[PDB]
Amino acid sequence: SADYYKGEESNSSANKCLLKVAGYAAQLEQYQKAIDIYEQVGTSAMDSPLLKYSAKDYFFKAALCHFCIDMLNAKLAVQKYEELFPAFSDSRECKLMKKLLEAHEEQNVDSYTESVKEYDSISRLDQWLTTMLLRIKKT
Amino acid sequence: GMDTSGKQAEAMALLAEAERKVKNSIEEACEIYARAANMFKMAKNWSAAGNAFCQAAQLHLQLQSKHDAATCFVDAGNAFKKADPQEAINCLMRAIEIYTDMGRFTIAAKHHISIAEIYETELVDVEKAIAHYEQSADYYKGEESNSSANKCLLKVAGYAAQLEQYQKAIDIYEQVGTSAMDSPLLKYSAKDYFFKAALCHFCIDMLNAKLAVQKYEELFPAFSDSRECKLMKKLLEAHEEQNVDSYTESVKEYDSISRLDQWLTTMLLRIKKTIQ
Amino acid sequence: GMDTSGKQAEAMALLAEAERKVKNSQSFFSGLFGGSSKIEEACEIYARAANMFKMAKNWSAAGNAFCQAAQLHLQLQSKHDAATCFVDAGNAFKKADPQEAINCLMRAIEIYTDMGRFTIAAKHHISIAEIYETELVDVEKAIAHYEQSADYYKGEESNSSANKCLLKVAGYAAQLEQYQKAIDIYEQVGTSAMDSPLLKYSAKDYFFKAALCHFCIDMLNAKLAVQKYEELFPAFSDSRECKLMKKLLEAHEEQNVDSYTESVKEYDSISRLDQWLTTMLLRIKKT
Amino acid sequence: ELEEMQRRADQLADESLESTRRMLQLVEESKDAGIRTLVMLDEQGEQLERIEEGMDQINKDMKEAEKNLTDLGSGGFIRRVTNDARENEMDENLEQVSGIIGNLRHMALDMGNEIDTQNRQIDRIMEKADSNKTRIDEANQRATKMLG
Amino acid sequence: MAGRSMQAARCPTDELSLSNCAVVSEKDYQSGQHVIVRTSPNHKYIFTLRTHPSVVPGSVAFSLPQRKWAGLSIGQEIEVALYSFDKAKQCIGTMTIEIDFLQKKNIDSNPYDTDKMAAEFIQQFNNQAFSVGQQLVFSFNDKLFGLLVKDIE
Amino acid sequence: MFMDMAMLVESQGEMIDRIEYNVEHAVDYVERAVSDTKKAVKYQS
Amino acid sequence: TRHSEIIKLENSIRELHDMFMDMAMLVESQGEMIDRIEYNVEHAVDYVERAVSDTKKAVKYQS
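Residues numbered from 1 in each chain as written, not as in the entry; some residues may be left out. Chains lettered and ligands numbered in written order. Part of a larger assembly, values for the part shown. Heavy atoms only, no water.

The record lists cryo-EM as the method behind this PDB entry and 3.82 Å as its resolution.

As structure tokens, this is what we get:
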């Protein structure tokens, strides 16, 4: 269906299908495809006049995948994302990424618990987001 | 895969049948060509379907078709847009000409906009894009489309200020502000247009910029209420006193309070380059 | 430009060919009785010439060609297509001058209402009202045209457009120093709006307009109207308009002109004023 | 030194007052913007209903014509660290804004009550339209069947 | 005499500015003549003419101080008409001029012989028209001064 | 983003009005065609 | 009490943002569909007009 929409040039339906398949892949532990789709969607939204301001959220999703892969490359990845989109600094997604990195650097229980509590206090995190957060915190 | 090969073979057979029919000899050949093009499209091989689409369009237009021929030409151009930009541009221009002769200026303007954007993104061309935008603006003016006309005017003014003379952009901004003054809903954006004009007026001289901003403030009272008026006043005072520290502080404060898209920063840097 | 000159030359040649064809059509009909295909071909050629003139941006020539096509097709008894061509001619004239557009739209409305096409007749009446408003200042004619268009719309049961015309008519009337009609229209619109939750919010503006209109009469009846609005719509007190009118009444109770000016300036700062609002405030300050 | 810090604090308080005033003005403008958006959405919904009815009439008329042809044959907002009267008004403003935003939320829900439904309806008519086209096309083909 | 259209021009040389004379083309104007320049319905200023080859044909150019006083900018249009001085009522008893330093770097507190300054001003601006409120620049012994005419009695 | 929505909805509204005008034209054309067909068949019978 | 009102306002803002995004995507889809149906109806009306004109011409010539 996404390929048919691309052939017909339907941006909205194609983006919806790509997001859905990327989420399902991430739920299936296929980080590479999900992160690629998330990055493509984010850059397309940034280029497009609309949905650019929400693209930050999409970026976070991609970052989450990379955050599950490794920590030493996490600094380079976040630096590249920041320099690519300097306006991402004021986004709370960067705050979550840095807080999670700092919490994972030191082996303590309070940091990740208080971070998740603070981020939940604003909005209810998605089931896949919480599952990935628990998976990364457990290890 | 096997499906792609089967669809390619079916398309080739249909093309051969249509060629035989036209050689022997009326709409059956065009139907066969269209079916072959659709079958090739099914294969996902975007290449070589556009040729069948063009053959169908030419054959169907040869028999005096006006509406269906134009639609088929538009479809062929859309098919080429991914396969071959040049063929897509040619098909779109042919469809534009046909529809405009028929009187359908909306499709012509849309295809001109598509050609301009494909030139700007895929190829490297701005003057042709500007001409296409101007033509689409005139076509939509024929239809008194306020939204599309305003969008095209804003784009043309921005491009002209970036590269070309500023008189047209300044006049466009003044006209838009005057029109929006009476309209309550659009008044909020009106000030912005005036602001833009001020920047353009700075590219010529500082005193001219001061006079232009004063005129814009007088014409539209709300322009004075916005903090942009204070920002312009501070910028002009800093330029008059020739103190780079004040200019740097003002631009840093503006960036911190409001994010920049590299346009206002570019104009500010251009203005500062001649401060000496 | 060279392209524009070439397009103008082509349009002139096509117009000459159309003139020759229409001239020869009568001779062909007389000598052979070939039918009415010649008139239809001439009308099509005139439409093409109008399109070419629009290419060259010539409003007058396109309008003349459209008028010729309209009359030619009217001679063919095709009343609907003749009315459509007349409407196209009026639209073409609207670009340069709507002087012919008035009669074109009148004829189109007559033809459409004869057969029952009430929606297009109402839209053409709205167009006539807009033309009169933009060209002339005679408000009353525009109001009458708006009422006629609303009646035509209600004739087809096609709402959502007559209501806007009535609201605009009431807004115009409020400026013409007429109290009974404007107040009646405003109160009717408000009471209709309260029932619908979506439009209930807009009822406050109409109530404030009616209160301002009745305030010019005298303070005593203004207070009665304000009390009636408050009882009917207590939530109107939450809006800034009720606070503003109460402040104006209190200031006038003591002739505190400085307080009135301060309140007006504060309201303007809260929300930019309108020409009608400023005029009404200035008139109220007169007493 | 200390006098400069006090001046900076006073300037920060002035900036806070300006920010509160801008907040109030922005919310006031947004209220009118939302009201206009709501009325425009209502008008668009009525127009969509008028299009759906017209298309249904078109389908009925086309079916009747085809059949005939076939059969023919709150608690505090600003701390009193620096005292001053300004803080008082500040409080009120935020309180007002609170109420307003609450009201604004309700308006949002109102728009939704229509928007989604309209989209669904549109889809249905779209499908019908396509079918209708095919039908007339088929009729044309059938009209050419006898001609041969 | 009747008046003609003109394009705003900028003084090319500092020496021309130091003379406080409007720089004009030799084709239509000659040095020593006086003109009245209209910049608005009630804005008129009288300036002296000085010829320079670089002037655009049929154009009158003013120095930066003169443009600032008259609010002249490149691209604007002003009217210029020849004028003849009548001594019947234009005799000057004495001029009062406010004097300021253009550049702060050169400001010195040493006294100056005002008689010498007046003599140099007359010599440099002899046979020139001056109006009350006129702002100009004057050079004296490598010293720049911003002169404003208080009044003429 | 509310301003962007306002402009987008204005564009949609004008386009919907144009679509309504086109629908009126199309329904008038279809009704006229059906009337002509019914009159022709009635006269033929 | 300040924290409670602050968090309530933030939650309201986030809910408004989510509703904005959802209904804006839905409105964009609605606009795409309205454009598609406009094109389809224009093509259909043009085709039926041409067909009926041809039929009228043919019947008039035959009769």
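Would you mind showing me how to read the state of the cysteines here?
The bond known as a disulfide is covalent and runs between the sulfur atoms of two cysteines. Residues and elements named next belong to chain A. Overall, the coordinates contain zero disulfides over all chains when judged by the stated rule. Lacking any disulfide linkage, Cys 17 is separated from the closest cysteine sulfur, that of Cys 65, by 19 Å. Take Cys 94: it sits in no disulfide, and the sulfur closest to it among the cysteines is that of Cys 68, at 17 Å. On the accessibility criterion, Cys 94 (11% relative accessible area) is buried. (Disulfide = S-S within 2.5 Å. Buried < 20%, exposed > 50% of the residue type's maximum accessible area, 1.4 Å probe, protein only.)

I would appreciate a short explanation of the interface of chain D and chain G in the present structure.
By a frequent convention, interface size equals the accessible area lost on bringing the separate parts together. Chain D puts 23 residues into the contact, and the matching count from chain G is 20 residues. Across the chain D/chain G interface, buried area totals approximately 2000 Å², and carbon plus sulfur atoms make up 72% of it. It is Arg 105, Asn 119 and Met 126 of chain D that lose the most area in chain D upon contact with chain G, and together they represent 25% of the buried surface on that side. Our enumeration of links across chain D and chain G arrives at zero salt bridges. Across the chain D-chain G interface, the total number found is two residue pairs in polar contact. Top element by residues in the side of chain D that touches chain G is helix α2 (residues 86-147) of chain D. It accounts for 18 residues. A class-by-class count of the residues in the side of chain D that touches chain G yields 10 nonpolar, seven polar and six charged. (Contact = heavy atoms within 4.5 Å. Buried area = accessible area lost by both parts, 1.4 Å probe. Salt bridge = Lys/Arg side-chain N within 4 Å of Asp/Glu carboxyl O. Polar contact = N/O pair within 3.5 Å; in protein donor to acceptor, adjacent residues only side chain to side chain. Helix = DSSP H or I, 4+ residues; strand = E, 2+ residues; numbered from the N terminus. Nonpolar A, V, L, I, M, F, W, Y, C, P; charged D, E, K, R; others polar.)

So what exactly am I meant to see when it comes to the packing of aromatic side chains here?
Think of a pair of aromatic rings as described by two things: how far the centres are apart, and how the planes are tilted against each other in angle. Taken as a whole, this structure holds 26 aromatic pairs over all chains when the rule is applied. In this structure an aromatic cluster arises from ring pairing among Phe 59, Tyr 81, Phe 85 and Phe 88 of chain A. Lying across the ring of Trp 59 of chain C, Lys 95 of chain C places its NZ or CZ 4.5 Å from the centre. (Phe/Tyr/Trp six-rings, centres within 6.5 Å; stacked < 30°, edge-to-face > 60°. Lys NZ or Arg CZ within 6 Å of the ring centre and 35° of its normal.)

I'm lost on the sheet that holds strand β7 (residues 95-101) of chain E in this one. Help?
Sheets are built from strands paired through backbone hydrogen bonds, the pairs being either parallel or antiparallel. All names here are of chain E. Within the open sheet, the three strands sit side by side as β7-β9-β8. Their pairing is antiparallel. Strand pairing shows two members of the sheet lacking a second neighbour, β7 and β8 (135-139), which therefore form its edges. Pairs of neighbouring strands in the sheet enclose a mean axial angle of 35 degrees, with direction left out of account. Alignment of β8 against strand β9 (residues 144-152), held across five bridges, turns out to be antiparallel. (Pairing = 2+ DSSP bridges. Axes fitted to C-alpha atoms, helices over the stretch in contact; angles between N-to-C directions.)

Would you mind going over the nonpolar core with me for this structure?
What tends to happen in soluble globular proteins is that the nonpolar side chains get buried as a cluster. Residue and element names in this part refer to chain C. Core analysis: the biggest nonpolar cluster contains 51 residues, and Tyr 46, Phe 53, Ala 89, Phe 93, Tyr 112 and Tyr 146 have the highest contact counts within it. Where this core is concerned, the elements lending two or more residues are α1 (2-32), α2 (37-56), α3 (59-74), α4 (79-96), α5 (99-115), α6 (118-135), α7 (139-155) and α8 (162-175). Apart from residues no more than four positions distant in its own chain, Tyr 112 is found in contact with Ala 83, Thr 84, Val 87, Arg 117, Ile 120, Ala 121 and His 124. Counting 38 residues, the second-largest nonpolar core is a separate cluster that includes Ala 170, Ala 203, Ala 251 and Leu 281. (Core = buried A, V, L, I, M, F, W, Y, C linked by side-chain atoms within 4.5 Å.)

How should I be thinking about the arrangement of the chains in this particular structure?
Where the 13 pairs of chains in contact are concerned, the greatest contact count is recorded for chains D and G. Separated without contact, chain A and chain C have their nearest C-alpha atoms at a distance of 28 Å. One finds no contact between chain E and chain G; the C-alpha atoms of the two approach each other to within 48 Å at their closest.

Explanation requested: helix α2 (residues 11-27) of chain A in the structure shown.
A turn of α-helix holds 3.6 residues, and therefore any two residues three or four places apart point the same way. With 17 residues, α2 of chain A should reach 24 Å at 1.5 Å per residue; the first-to-last C-alpha distance of 24 Å fits that figure. Burial in α2 of chain A covers these residues: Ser 12, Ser 13, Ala 14, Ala 22, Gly 23, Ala 25 and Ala 26 of chain A. For α2 of chain A, the elements touching its buried residues are α1 (2-8), α3 (31-47) and α8 (127-138) of chain A together with α1 (2-62) of chain G. Following α2 of chain A by one or two positions, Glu 29 of chain A adopts a phi angle in the positive range, close to 75 degrees. (Expected span 1.5 Å × (residues − 1).)

In this structure, what is going on with the pattern of salt bridges? I would like to understand it.
Here the idea is simple: oppositely charged side chains can pair when their charged atoms come close. This structure, assessed with the given rule, holds 32 salt bridges over all chains. As a salt-bridge pair, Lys 204 of chain C and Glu 241 of chain C come within 2.9 Å of each other at their nearest N and O atoms. Taken together, the residues span a long stretch of sequence, with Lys 204 of chain C in helix α11 (residues 203-215) and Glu 241 of chain C in helix α13 (residues 240-254) at a distance of 37 residues. By the burial criterion, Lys 204 of chain C is buried, and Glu 241 of chain C matches it. A salt bridge links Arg 14 of chain G to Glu 10 of chain G; its shortest N-O distance comes to 2.4 Å.

Just to check I follow, could you spell out the environment of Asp 110 of chain D for this structure?
Within the secondary structure, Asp 110 of chain D sits in helix α2. Judged by relative accessible area, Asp 110 of chain D falls into the buried class, the value being 17%. C-alpha of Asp 110 of chain D to C-alpha of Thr 134 of chain D: the two residues are 24 residues apart in sequence and 38 Å apart in space. Those residues in contact with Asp 110 of chain D that lie beyond four places of it in its chain are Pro 197 and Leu 198 of chain C together with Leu 38 of chain D.

I'm lost on unusual backbone geometry in this one. Help?
Among all residues except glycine, the phi angle is most often negative; among peptide bonds, the trans geometry is most common. Positive phi is not limited to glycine here, since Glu 177 of chain C has a value of about 65 degrees. Relative to the helices and strands, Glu 177 of chain C resides in the loop between α8 and α9 (180-195). By relative accessible area, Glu 177 of chain C is classed as partly exposed at 40%. With phi around 60 degrees, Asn 127 of chain E is a residue other than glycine that occupies positive phi space. Among the secondary structure elements, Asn 127 of chain E is positioned in the loop between α3 (114-124) and β8. Here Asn 127 of chain E falls in the exposed class, since its relative accessible area comes to 56%.

So what exactly am I meant to see when it comes to the pairing of strand β4 (residues 43-51) of chain E here?
Residues and elements named next belong to chain E. Note: strand β2 (residues 21-24) against β4, four bridges, orientation parallel. Considered in β4, the bridge of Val 24 is made with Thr 51. If you look at the hairpin formed by strand β3 (residues 34-40) and β4, you'll find two residues sitting between the two strands.

What is the right way to look at the sheet that holds β3 of chain E in this model?
The strand order across the open sheet built from six strands is β1-β5-β2-β4-β3-β6 (chain E), with neighbouring strands paired in mixed fashion. Among the strands making up the open sheet, the edge pair consists of β1 (9-10) and β6 (79-83) of chain E.

Explanation requested: α4 of chain C in the structure shown.
With 18 residues, α4 of chain C should reach 26 Å at 1.5 Å per residue; the first-to-last C-alpha distance of 26 Å fits that figure. Of the residues making up α4 of chain C, those classed as buried are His 80, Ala 82, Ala 83, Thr 84, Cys 85, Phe 86, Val 87, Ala 89, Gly 90, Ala 92 and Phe 93 of chain C. On its buried face, α4 of chain C sits against α3, α5 and α6 of chain C together with α1 (2-44) of chain F.

Just to check I follow, could you spell out the packing of helix α14 (residues 244-257) of chain B against helix α15 (residues 263-273) of chain B for this structure?
A pair of packed helices is characterised by two quantities: the angle between their axes and the separation of those axes. Residue and element names in this part refer to chain B. It is the contact of α14 with α15, at a shortest axis distance of 12 Å, that shows an interaxial angle of 175 degrees. Considering their axes alone, α14 and α15 lie roughly antiparallel with respect to each other. The segment α14 lies against α15, with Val 244, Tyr 247, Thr 248, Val 251 and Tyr 254 engaging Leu 264, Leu 268, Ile 271 and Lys 272. Here the residues of the contact of α14 with α15 sort into seven nonpolar, one polar and one charged. (Parallel < 35°, antiparallel > 145°, perpendicular 65-115°, else oblique.)

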